[PDB]
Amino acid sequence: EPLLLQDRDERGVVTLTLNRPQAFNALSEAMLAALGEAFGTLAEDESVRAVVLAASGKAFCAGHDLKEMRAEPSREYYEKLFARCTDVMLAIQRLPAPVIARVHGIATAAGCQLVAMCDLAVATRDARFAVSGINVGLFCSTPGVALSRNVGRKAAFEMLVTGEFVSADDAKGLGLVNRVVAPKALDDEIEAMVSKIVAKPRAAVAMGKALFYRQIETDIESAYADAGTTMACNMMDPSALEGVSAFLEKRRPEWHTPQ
């Protein structure tokens, strides 16, 4: 039974499902290796249009595997383990397709980090979020990096030092997720978001996501120089040329994308 399931539809939409349900999908070394391999392969495939990051069992993800970690009390071990995790997280952010977290239960510590690194997230009303490493004496330093780029400073600091859960409604308000729905509506809500993305041209979405994360962490003038260069290249893409033509000619664009 694989630690990470992988399914693909006829639209280029890939679902990766964390699959250690009894372990609450904890990010063991082997889980991390599977995620790294999957995102590494998907990054080379221009036909991939979106990834849904889902999870088995009651939890979304409990974070690092504490059993496995505690068995290896070595500074070098932890240095490289955390670097490996960071490599998976940056691979999510570098994938040239949007990655959507499907959060149906608890997301704690590196599990909450996963949600914060995904480009988009849809949660159920009963899902709960925490950076709760501190409850075991391990401040959530790496999850805090991702969290403090989705929520305000005081909200992040409070979460980090107390380790307490935040509701899905509150997480949406804070900026950690995009949508909150009933459990029965979760698949429909994910599909609504996927269908909107896949209807757009791949080139535009890929160029745009890459530019988004380059520009967001620089000064506004540098950001605009990159953005303008990018948007000029995007406009010379055939789907932009066709998309603008179709608008002017009051018709649907012939993008050959799933509708």
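Don't overthink the numbering: it's just position in the shown sequence, from 1.
Student: If you take the mean CA temperature factor per stretch, which one wins between 31-39 and 53-61?
Tutor: Looking at the recorded C-alpha B-factors, 31-39 comes out higher on average.
Student: Quick one: higher average CA temperature factor, 8-16 or 247-255?
Tutor: Of 8-16 and 247-255, the stretch with the higher C-alpha B-factor average is 247-255.
Student: Among 183, 175, 137, 143, single out the one with the highest C-alpha B factor in the record, please.
Tutor: Answer, based on the entry's C-alpha B-factors: 183.
Student: For the chain shown, is the CA B-factor of residue 102 in the lowest, middle or highest third of its modelled residues?
Tutor: Bottom third by C-alpha B-factor.
Student: Sorting by Cα B-factor within the chain, modelled residues only, which third would residue 209 end up in: lowest, middle or highest?
Tutor: Tercile = lowest for this residue's CA B-factor.
Student: Within this chain's modelled residues, let me know which third the CA B factor of residue 133 belongs to: lowest, middle or highest.
Tutor: For residue 133, the deposited C-alpha B-factor lands in the middle third.
Student: Considering only modelled residues of the same chain, in which third does the CA B-factor of residue 126 rank: lowest, middle or highest?
Tutor: Tercile = highest for this residue's CA B-factor.
Student: Considering every modelled residue of the chain and its Cα B-factor in the PDB entry, is residue 74 in the lowest, middle or highest third?
Tutor: It falls in the top third of the chain.
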